[PDB]
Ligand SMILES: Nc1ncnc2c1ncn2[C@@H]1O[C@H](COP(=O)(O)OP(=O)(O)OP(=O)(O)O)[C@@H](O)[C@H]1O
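Just the one chain here, the form deposited without adenosine-5'-triphosphate, laid out as structure tokens.
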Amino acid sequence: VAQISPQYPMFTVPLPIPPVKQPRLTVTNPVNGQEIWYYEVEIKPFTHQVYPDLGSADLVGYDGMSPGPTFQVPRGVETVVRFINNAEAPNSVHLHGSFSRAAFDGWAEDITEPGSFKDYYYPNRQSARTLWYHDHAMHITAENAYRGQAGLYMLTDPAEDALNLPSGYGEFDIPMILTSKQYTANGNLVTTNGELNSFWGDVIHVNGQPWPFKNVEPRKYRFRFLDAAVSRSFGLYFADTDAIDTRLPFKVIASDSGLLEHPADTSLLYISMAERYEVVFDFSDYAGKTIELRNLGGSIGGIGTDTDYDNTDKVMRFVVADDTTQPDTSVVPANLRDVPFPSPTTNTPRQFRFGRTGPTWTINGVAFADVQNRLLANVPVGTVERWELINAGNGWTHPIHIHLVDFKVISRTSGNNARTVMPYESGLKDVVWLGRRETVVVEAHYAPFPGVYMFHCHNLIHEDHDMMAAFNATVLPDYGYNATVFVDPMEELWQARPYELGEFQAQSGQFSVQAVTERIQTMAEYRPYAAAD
């Protein structure tokens, strides 16, 4: 299909790397004496010159950038992140991949208005993995994320550094955040407002930049792919520009929830919205060559229904030097980790159908706006349940996301006989792609925290109109652990608060060292994550 956005100078701008986000300070947790890292992020509009010869684009992002800055937090270190809304529409921050308490999880209605902020208390006790934080405000999640509110959150673990994977953020360990946008004739963004089917986009970006290039050395690199697009799913392959007909093999080492048990040799990677895979690619064998990262055509080989345009088959280019500066010491071990799978169950799976009810995208016929019916499941905390995710259509696909949990992919049947479970789906995941006429079964441990949580399709257009629902991970009233103040996402205790801009810029008032200290220490005393010990 003919490209609609104006022509871009392909592969002329180097791949940008989002800067590491540093904490402002640390507060000592009164309960155990340990340091909690405290950060401040300001949500605000900014201008970005995307087409060198046209006008600029109007974005809104964390700290005035897109992607937002990258967090790097070691397991065991609790963090508190104060997201300050200084924009012109409401926000709700969701750290995807983290078992946060309900009121810190970005519940769609748990909104912060302009002129307010909300403090998020993150546990960071889970396995090393690439998380990402992004907006979740009800009915406007698509435009908010699209205009720039998304960013990386790397949970790290020293035992994992002992594997000696390629390393160094921005050196040999490179984030690859894919988006897919559309631009107007004067180089501004085309809004998603009005789109009720899917917003495909015809200009592919990596890390905020359309069709970038990167100079690389002939050695191993670790790539952290994240499909951050509104609606576009990808089929990823590498190919020499001289032989685009031939796929260069590589290794997948991680999925949503962390490392696989063993590296999976792949030459084609399906990745859908909200999905994260880490890949090690070996440029050794291609010294002097240019490698193109490409995108499978025909709506991802017939798995999807995405529209393909003139240039959406291309992602970026890697120009490989003749030699390395220093010798590649890194390795990709055959054994990565023991994957902590849920204790298996064979209780009949709970069925969910993702489809259409009139003009609305629904889950078992309900829309999220329907407060009285959106709570589709009660699961006692500590329970393992299989869920059967069903897409009976050929006209839509749905990457399904379940909050709180990590899950194992049990099976996939395609009505088009297209595929089953992939080798890179061998580990633990929190989003799984239901392609054309696929039903997938997943197995998750609903643990270890009680609360009301979302689950939905991560096609943001579908999500907003209105393919989202809720589940309750329940406990008995004698459970304790302050469950009473942590189960309801709208719990007033944790709601947003107004601030004055002078206070924020002067780092005084609610933003003074002492006030931040007292507030965090008080949150801490509630001991929200103690059940994870």
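Counting begins at 1, following the sequence as shown.
Separately, the form deposited with adenosine-5'-triphosphate bound exists; it is not shown, and the next lines address it.
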- Task: Sort through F225, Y270, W361, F281 and report the residue having a heavy atom within 4.5 Å of adenosine-5'-triphosphate in the bound PDB entry.
- Result: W361
- adenosine-5'-triphosphate: the contacting residue among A369, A159, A243, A392 in the bound PDB entry [heavy atom, 4.5 Å]: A392
- Item | Heavy atom contact within 4.5 Å of adenosine-5'-triphosphate in the bound PDB entry, the stretch among 417-425, 139-147, 177-185, 353-361 | 353-361
- Query: Is there any non-hydrogen atom of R437 lying within 4.5 Å of adenosine-5'-triphosphate in the bound PDB entry?
  - Reply: yes
- Check whether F318 has any heavy atom within 4.5 Å of a heavy atom of adenosine-5'-triphosphate in the bound PDB entry, and answer yes or no. no
- Taking 4.5 angstroms as the cut-off for heavy atoms, does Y120 touch adenosine-5'-triphosphate in the bound PDB entry? no
- Query: Would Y221 sit within 4.5 Å of adenosine-5'-triphosphate in the bound PDB entry, counting heavy atoms only?
  - Reply: no
